[PDB]
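Student: Order-wise, the sequence lines are chains l, x, r, n, s and o.
Quick note, the first sequence lines up with residues 2 to 52, 59 to 78, 87 to 128, 134 to 153 if you use PDB author numbering.
The number in PDB author numbering is simply the position in the second sequence, starting from 1, with 3 added.
The number in PDB author numbering is simply the position in the third sequence, starting from 1, with 1 added.
Quick note, the fourth sequence lines up with residues 4 to 19, 25 to 49, 60 to 85, 101 to 128 if you use PDB author numbering.
Quick note, the fifth sequence lines up with residues 2 to 26, 34 to 89 if you use PDB author numbering.
Quick note, the sixth sequence lines up with residues 6 to 27, 39 to 72 if you use PDB author numbering.
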Amino acid sequence: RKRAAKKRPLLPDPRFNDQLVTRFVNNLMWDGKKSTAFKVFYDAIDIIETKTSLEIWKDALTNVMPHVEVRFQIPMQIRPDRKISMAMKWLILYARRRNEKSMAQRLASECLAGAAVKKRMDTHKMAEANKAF
Amino acid sequence: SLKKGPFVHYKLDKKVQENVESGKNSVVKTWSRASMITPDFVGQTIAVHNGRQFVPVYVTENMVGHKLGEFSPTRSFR
Amino acid sequence: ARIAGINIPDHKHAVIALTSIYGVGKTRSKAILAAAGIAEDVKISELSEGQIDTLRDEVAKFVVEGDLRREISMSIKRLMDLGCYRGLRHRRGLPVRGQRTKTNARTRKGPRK
Amino acid sequence: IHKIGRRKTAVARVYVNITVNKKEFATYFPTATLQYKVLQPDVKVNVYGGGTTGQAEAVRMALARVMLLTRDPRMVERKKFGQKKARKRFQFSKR
Amino acid sequence: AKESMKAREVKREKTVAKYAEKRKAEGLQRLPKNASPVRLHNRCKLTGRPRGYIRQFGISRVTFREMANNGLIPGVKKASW
Amino acid sequence: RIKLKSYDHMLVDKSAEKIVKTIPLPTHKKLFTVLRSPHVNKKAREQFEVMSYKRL
RNA sequence: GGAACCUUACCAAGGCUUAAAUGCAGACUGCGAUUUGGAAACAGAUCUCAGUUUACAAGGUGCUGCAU
RNA sequence: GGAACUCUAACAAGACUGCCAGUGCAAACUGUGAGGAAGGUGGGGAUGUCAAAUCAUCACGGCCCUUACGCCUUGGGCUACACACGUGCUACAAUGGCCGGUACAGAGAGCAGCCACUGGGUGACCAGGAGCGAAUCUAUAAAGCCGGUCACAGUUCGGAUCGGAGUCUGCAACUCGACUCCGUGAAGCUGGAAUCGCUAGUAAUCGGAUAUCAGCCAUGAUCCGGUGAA
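1. Answer yes or no: does any C-beta atom of chain s fall closer than 7 Å to that of residue 8 (chain x)?
2. Can you round the beta-carbon distance between residue 98 (chain l) and residue 118 (chain l) to whole angstroms, since I take them to be within the 8 Å contact cut?
3. Should residue 19 (chain r) go down as buried or exposed, given a rule of 16 or more other Cβ atoms within 10 Å for buried?
4. Rank r:78, r:101, r:110, r:34 by C-alpha distance to the C-alpha of residue 93 (chain r) and give the top, closest one.
5. Can you look up residue 69 (chain r) in the DSSP assignment and give me helix, strand or coil?
6. Taking the straight line between their C-alpha atoms, what separation do you get for residue 72 (chain x) and residue 24 (chain x)?
7. In three-state DSSP terms, what is residue 14 (chain r)?
8. According to DSSP, is residue 6 (chain o) part of a helix, a strand, or is it coil?
9. Between residue 19 (chain n) and residue 32 (chain r), what straight-line distance do the alpha-carbon atoms span, to the nearest angstrom?
10. Look at the Cβ atom of residue 12 (chain o), then the Cβ atom of residue 82 (chain s), and state whether they are nearer than 7 Å.
11. Please tell me whether residue 83 (chain s) has its Cβ less than 7 Å away from any Cβ of chain o.
12. With 16 as the cutoff for other CB atoms within 10 Å, does residue 22 (chain s) come out buried or exposed?
13. Consider the Cβ of residue 52 (chain o): report whether some Cβ of chain n lies at a distance smaller than 7 Å.
14. For residue 14 (chain l), tell me which candidate among l:126, l:4, l:27 has the shortest Cα-Cα distance.
15. Taking only three categories from DSSP, how would you classify residue 82 (chain n)?
16. Please check the pair residue 76 (chain n) and residue 10 (chain n), which I expect to be a contact at CB under 8 Å, by giving their CB distance rounded to whole angstroms.
17. Could you list the residues in the stretch 74–104 of chain r with a C-beta less than 9 Å from some C-beta on chain x, going in chain order?
18. Assuming contact is defined by CB atoms lying nearer than 7 Å, are residue 50 (chain o) and residue 65 (chain o) in contact in what I supplied?
19. For residue 73 (chain n), does the three-state DSSP call read helix, strand or coil?
20. For the structure I just gave you, are there three or more beta carbon pairs, one from the stretch 62–73 of chain r and one from the stretch 11–25 of chain r, closer than 8 Å?
21. Where does residue 26 (chain r) land, buried or exposed, given buried means 16+ other C-beta within 10 angstroms?
22. Taking its Cβ as the centre, do 16 or more other Cβ atoms sit within 10 Å of residue 6 (chain n), making it buried, or is it exposed?
23. According to DSSP, which residues form a beta bridge with residue 46 (chain l)?
24. Across which residues does DSSP place residue 14 (chain n) in a beta bridge pair?
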């Protein structure tokens, strides 16, 4: 009986002029601080310049996109868009467990394509079991 | 009261000065426990009202910094 | 080196390592360093012996040791052995500065008896 | 050409090189996102009002009016009594 | 709110009328200990009720509400914003 | 006409336009939040505003 | 929606009974500074709207919101 | 020195599904276009049994005391403490702390006062002394930005506890005020079933102001402004 949705339109960022970076830093924000989140993301993607650009980050963001979730524990597809919010949430949630020094340092999990693919593998292994529904 | 002048009650000071001048005598009775111990109060016995009765205190030398009410407990817990 | 009795800076910064000595703290340590003339940003493992002695001479000015420890010990023993309110409060082990001996007195009372 | 920004609280009077309050574009908007939000592609602004983001959005609205033109009607919601903030309540028990 | 307790306030107010030049001129103070501005608690001035007071109107919250409702204070309205 | 003030936005205006024959200067709005019930119902208040208009 | 006194309605101890405030009833006239006993309240002196008897009320944050 | 803007405060316009498309006898929904706005623009004041809270805001029927359960004082208690449940703040850290540079406000208050400026003092503060009974005068924001350090633990995180020395208010700071200052570093490294709030300038987070005013427990209550989500 919510009867509506608005999807909350967004606005792109100056660097990389991309619309996914804005969603990523929005999920990265804490206590309503966007500037420091952008700073941390930029330091992280520049630290990732060891090995290309944010292309490798956005492709690593694909390996954490599940195709079916269990929610009598019935499996079902999630949505064509909630996939890139579960992927971002899982990446950001499991990048805060790395025992590195800084946030930009422990965010170096895009090259681990490492606690991010494990979640998708467990989801697929738990969804392929309850396939008779 | 806080290093702008030592606070001792006028009546208490006037009644202890004559006692210390006459020498050694009976206990001095008081209610104003808000007075600070003076070097004129040493060796003297004061019965100070506490909440209902008068507790005695014998100023030897060492309480010269504390008030006349730091002693004489007011609440009786166990 | 051993500025105080047995304390060891051990490669920490000057101020952060000198504030490990009991009795001396951040403010007086900064004052000692500024009056003796050594940079606070530099470490301790490279200080020359002249600077070591110049800092020792000014650290031996304040009463910062077991001497001050037991000085405040005699202070509490003095206010205790005369029958003061603070004396009986220290003897029984409850907060002394007027805090409520009701809830939120754990760090002074102890665990659940 | 004159324009009025009028963001949340800021008011910018654009008078159309991009000088701001007798200063430069770097001493007033050091952040990259602050230098951004000028998406239009002898400018005085005389801005006064809320925060940095508010003033940036105000000058953006004014530079869009002189040519994004949609004035955002969002305002700080009033705090209501019996609550802790505008839209959050206290905490109760036994329910 | 008793008559004696509200008349005590008037007695203390009348007591702090003199000595205005004596208290203005940490020692040399042998006063009745009632001639001090630290003992003047403000009442409602109609009923004489502590625990709530407004310096502007000089009355308690309940009397303020009742009068502002039944039109006795010029200027008061129903605030809304 | 030098400053004149009142507590209504339609009385001081008539007085001032009378004076001009015979400028906004923003009003002063005080506010009070008074508890409604005389006993405990604390989460129930009432707001009362007092305007003060002045012009010249 | 401000407990050091005051708020204070509670407790211990000193001082009051037609009353610590307010109307009245019948007389006797035109606020201050000094001194003693005191913890104060209050008593005893100088001095220069106020002070004193008689019968009247009065008063209570006393008990029941299951009389209102 | 100016009457164009912001602004203030009075009057007006503007949003009526009215415009355009399909459904329907009809109300009326589903989308587009214009517009600052949308389909009650958003938020408030409005609010048509439980013998429910108050005989302690106030009044009052009935009962009780009046050498008093009435009344003036001093001192004390309302802060008592082996334990518990509720409501809050802070920290458990490096998208963090510290020393520095650099900005951006709003509302409200001010002779029961706000203090420019100078001199003394690390500091709270003290003395002298303008302006202002108020779009005139005063009351100096934080988060944010830049640069260096710390490079991971009971730590340069944390803030309780305790000793000494001072400032302000007040007759009075021990019971029981606040602040400054030099010492000191306790529990705390994301918390068990169980439970709470939130759909947009919202939550989260940071700062400022008012009310009681001699001072103050203010981390309580009522508001405002900044950054800002899923």
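Each residue gets a CB set at the ideal place from its N, CA and C atoms; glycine is no exception.
Tutor: Let me lay it out:
1. Chain s places a beta carbon closer than 7 Å to that of residue 8 (chain x), counting this residue as a contact.
2. Incorrect: roughly 25 Å between the Cβ atoms, too far for contact.
3. So residue 19 (chain r) ends up on the buried side.
4. That would be r:110, whose Cα lies nearest to the Cα of residue 93 (chain r).
5. It is helical.
6. When rounded, the distance between both Cα atoms is 24 Å.
7. In this structure, DSSP gives residue 14 (chain r) an extended state, which the three-state scheme calls strand.
8. The DSSP-derived three-state label of residue 6 (chain o) is coil.
9. One C-alpha to the other measures close to 57 Å.
10. Taking 7 Å as the Cβ cut-off, residue 12 (chain o) and residue 82 (chain s) qualify as a contacting pair.
11. Cβ-Cβ to chain o under 7 Å: yes for residue 83 (chain s).
12. Of the other Cβ atoms in all chains shown, fewer than 16 fall within 10 Å of the Cβ of residue 22 (chain s); this residue is therefore exposed.
13. So no, residue 52 (chain o) is outside the interface.
14. Of the candidates l:126, l:4, l:27, the one whose C-alpha sits nearest the C-alpha of residue 14 (chain l) is l:27.
15. Looking at residue 82 (chain n) - three-state DSSP - the assignment turns out to be helix.
16. The Cβ separation is near 4 Å, so the contact holds.
17. Against chain x - using a Cβ distance shorter than 9 Å - the residues of the stretch 74–104 of chain r are 79, 80, 82, 83, 84, 85, 86, 87, 88, 89.
18. No, Cβ-Cβ distance for residue 50 (chain o) and residue 65 (chain o) is not below 7 Å.
19. Residue 73 (chain n) sits in a helix when the DSSP states are folded into three classes.
20. Flag = yes, the stretch 62–73 of chain r and the stretch 11–25 of chain r touch.
21. The C-beta of residue 26 (chain r) has fewer than 16 other C-beta atoms within 10 Å across all chains shown, which makes the residue exposed.
22. Counting Cβ neighbours within 10 Å, residue 6 (chain n) comes out buried, since at least 16 surround it.
23. In the DSSP output, where bridge partners are listed per residue, residue 46 (chain l) has none listed.
24. Paired residues: n:66.
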